[PDB]
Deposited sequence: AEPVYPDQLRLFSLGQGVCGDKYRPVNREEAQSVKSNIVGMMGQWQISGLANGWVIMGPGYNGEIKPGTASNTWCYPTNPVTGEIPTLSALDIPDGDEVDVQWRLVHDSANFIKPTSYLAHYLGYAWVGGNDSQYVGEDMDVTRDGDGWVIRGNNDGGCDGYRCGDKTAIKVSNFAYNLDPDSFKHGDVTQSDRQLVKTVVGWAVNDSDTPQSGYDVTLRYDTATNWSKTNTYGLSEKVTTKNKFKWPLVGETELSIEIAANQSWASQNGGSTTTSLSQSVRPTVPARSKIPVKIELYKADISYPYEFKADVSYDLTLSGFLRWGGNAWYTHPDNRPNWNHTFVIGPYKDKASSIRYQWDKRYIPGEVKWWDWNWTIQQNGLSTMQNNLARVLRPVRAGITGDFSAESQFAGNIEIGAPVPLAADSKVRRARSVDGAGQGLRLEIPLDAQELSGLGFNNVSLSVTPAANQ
């Protein structure tokens, strides 16, 4: 009877008020799933719990403490019971696409048996080979065009009505979504921030009046370039759902964008030039000078990389449905030949979503395909739970290669304390030498703030 975080809903209806069919989450309940709630809150959010308590956002370290709030964390007065657990990922090593697929479809404990049992619990007939009396055993895995077919070996004769008609499980339409946030990196091959030049001098206030309200601005443009390799050919088909910026590693500042819906293997490098300007608005007492410095740096970095790409596929179950026991909502008794496609991965529509069908099973108007309550009655709640959690187990392929980047950047303009003379700039800049160091169109200017 745990509290299910994915059933929580926030209401903004006044002190301790919840919407219809919801009730306020109490402190014990909130504690039991604390990190999940906090992880659904804004940094400085503070939300009400029942009986004078409040739970705070991650900026407050997700504290539960007494208080009042106009918004309230709430939970179904009648929650959907026995959710399908989420299991830890199944990690498959980087490889070419065939070898990655092969590794998946030939896994007995993680793929063959779970999908077989699923076909079996749904009412599909003869999910098993002739040389075993158990479901999902003596299965034949064969390549079929761009996909794969799992199906009980059928050699020879067999005993049972229509035992020759073995149910087939076909895996197709593989896709691979790189998860930017799964980023991990090996040991930093090359790394350093080297000082290539320091621009140094003075800014002088010649007047007899404390001068201020004057900006001293350095403008310059530099190039950042980066490259990367892709260890294997799978990367030729992996994409990322949304554009993202390359992770920051080291102090070497970098601006690199990976494009959405573009072959990982097609984004192997680039160079960007950007005009940047930084300034300071110093107060310089009358008839004085202040020292000014600007450090210029070259930075580069190399390191082996690895992301995870979430592997999704369609599971098409085809075979005839057993008499006096199948899970189709009509419960057909004529042994019809049946075909159904589940999408293992990102949701596509209700008909093809085990998770959706499952969570809605107690709503008769939603039961338009499989009758999961029947599967539960026949095999038991935890049996259906453990099987589907294995069927739906996230599968992730590793995406590897080497990364390398190079940039040139200026440090901040730094100033020292005023010295009495014994806004005018005395700060030599050699355009040619700077250009040779990768800093172009460099200027230092004095203008009203």
- How would you list, in order, the spans of the deposited sequence that the model does not cover? 1, 424 to 440, 468 to 470
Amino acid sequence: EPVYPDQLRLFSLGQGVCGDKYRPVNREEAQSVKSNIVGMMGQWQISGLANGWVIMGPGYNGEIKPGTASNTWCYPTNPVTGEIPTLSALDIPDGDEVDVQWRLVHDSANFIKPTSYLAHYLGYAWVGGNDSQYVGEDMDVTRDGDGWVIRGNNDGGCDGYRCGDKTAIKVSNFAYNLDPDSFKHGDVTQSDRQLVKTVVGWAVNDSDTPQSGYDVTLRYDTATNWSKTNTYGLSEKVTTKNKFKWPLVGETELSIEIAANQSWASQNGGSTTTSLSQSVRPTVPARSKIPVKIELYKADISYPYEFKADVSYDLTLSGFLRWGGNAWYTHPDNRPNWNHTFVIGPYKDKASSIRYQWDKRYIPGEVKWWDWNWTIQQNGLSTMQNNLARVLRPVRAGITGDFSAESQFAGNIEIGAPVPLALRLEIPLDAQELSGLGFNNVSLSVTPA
From here on, numbers count along this sequence of modelled residues.
- Task: Averaging only over Cα atoms, indicate whether 271 to 279 or 108 to 116 has the higher B-factor in the PDB entry.
- Result: 271 to 279
- Query: Between 63 to 71 and 37 to 45, which has the higher average C-alpha B-factor in the PDB entry?
  - Reply: 63 to 71
- Between 362, 297, 121, 320, where does the Cα B-factor run highest in the record? 362
- Note on the structure: One of 83, 192, 349, 314 has the largest Cα B-factor in the entry, namely 192
- Within-chain third of residue 234 by Cα B-factor, per the entry: middle
- Entry-reported Cα temperature factor of residue 210, expressed as the chain third it lands in: highest
- Where does residue 435 sit by CA temperature factor within its chain: lowest, middle or highest third? lowest
- If you rank every modelled residue in this chain by C-alpha B factor, which third holds residue 102: lowest, middle or highest? highest
- Using the B-factor values recorded in the entry, state whether the Cα atom of residue 128 falls in the lowest, middle or highest third among the modelled residues of its chain. lowest
